[PDB]
Each structure stands twice: as C-alpha cells, then as structure tokens.
C-alpha cells in the first residue's frame, strides 16, 4: 500500500510500505529519498509522535495515510 509524508519544505513525498513495516523501516525509506539520518527524524501521525519500536498496523495507519516529518537535534 501507499502512505504520504509531508516534509514541511512544502512538498509531499509518496512512499510504498506495508502495515507490518516498522517505523524504522519508514524512516529508512525516507532516508533513501530525502537523505536524512533516522535519528534526526520524528514521524507525526495526527498530532501524535510515533515510537521507533511499534509498527504501522499498531497505529492503525492504513492506505493513503499522511504522516508529518519533523527534525530533532
């Protein structure tokens, strides 16, 4: 399935994931596409920040969902 991620430089990238994919996996695909260290990424789904442990299924992130990416140093 596909999820969307708004990197707040305005644009919105489109990813290809599975409900089983962990948050790290999503960060990995983001790193591939945008060149950002996973330990600098924080994924936001509807106001809540996702933990690096759980999966997309555990968050009820279904097809054509949109997450927000913020930086952390």
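Numbering follows the first chain given and starts at 1. Throughout, rigid core stands for the largest set of C-alpha atoms superposing within 1.5 Å between the two forms.
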Do the Cα atoms of 50 to 58 stray more than those of 7 to 15 in 6 other deposited structures of this protein, or is it the other way round, with the core held fixed?
7 to 15
According to the deposited model, is the average Cα temperature factor higher in 13 to 21 or in 52 to 60?
52 to 60
Check where residue 8 lands among this chain's C-alpha B-factors and tell me if it's the lowest, middle or highest third.
highest
Residue 73: C-alpha B-factor third of its chain, per the entry, is the highest
